[PDB]
Amino acid sequence: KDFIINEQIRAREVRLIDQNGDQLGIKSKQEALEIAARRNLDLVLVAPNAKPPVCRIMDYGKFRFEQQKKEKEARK
RNA sequence: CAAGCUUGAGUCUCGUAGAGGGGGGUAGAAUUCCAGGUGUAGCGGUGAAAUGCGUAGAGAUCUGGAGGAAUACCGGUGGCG
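The first sequence begins at 3 in the UniProt record's numbering and counts up one residue at a time.
Have a look at this one:
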């Protein structure tokens, strides 16, 4: 569920996937953070144990809200 | 029982103070909500937490608007009934 995002990420390099599924390739964490920032989105570590770790560009708050919404609705 | 009397009780005149009652207007503070600008990962809550709220961008800040309810200071063994 919970993913670490943005500056919480410690990986030197990550494989980057953008908000639409475009495979941006291997990028330094710094460049990945720049791309996320220019798009006003977050850099989310979706696959911490992949080699190299996989990050997805997305709105973390919107993603998390929808996930919690889904869980709650299906149980009431 | 009858006539009275003016001190009890009323009436008259002119003023005074008052959150006394009923109706109608209207005001500025705040909360919550709606619409936006800035901003970004927390806010909120407790003894400690969690539920809750926030990347569909909250909270914080600035702006405009809606609505309801109550009227800080004055304010006080103050006042009115």
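By construction, the Cβ of each residue, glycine as well, lies at the ideal position given by its N, Cα and C atoms.
Please confirm whether residue i and residue j have their CB atoms less than 9 Å apart.
i, j, result
"residue 45", "residue 34", "yes"
"residue 31", "residue 7", "no"
"residue 21", "residue 60", "yes"
What's the call for residue i, buried or exposed, on a 16-neighbour Cβ count within 10 Å?
i, result
"residue 28", "exposed"
"residue 52", "exposed"
"residue 64", "exposed"
"residue 17", "buried"
"residue 38", "buried"
Roughly how far, in whole angstroms, is the beta-carbon of residue i from the beta-carbon of residue j, given that I think they are within contact range, below 8 Å?
i, j, result
"residue 48", "residue 40", "Wrong, their Cβ atoms sit about 20 Å apart, outside the cutoff."
"residue 15", "residue 50", "Contact flag wrong, Cβ pair sits at about 14 Å."
Return the bridge partner residues of residue i from the DSSP annotation.
i, result
"residue 19", "25, 58"
"residue 135", "What is shown of the chain runs 3 to 78, which leaves residue 135 out entirely."
Whole alpha helix (DSSP H) elements within the stretch 21-53, 4-residue minimum
For the stretch 21-53, whole alpha helix (DSSP H) runs of length 4 or above, ordered along the chain, are 31-40.
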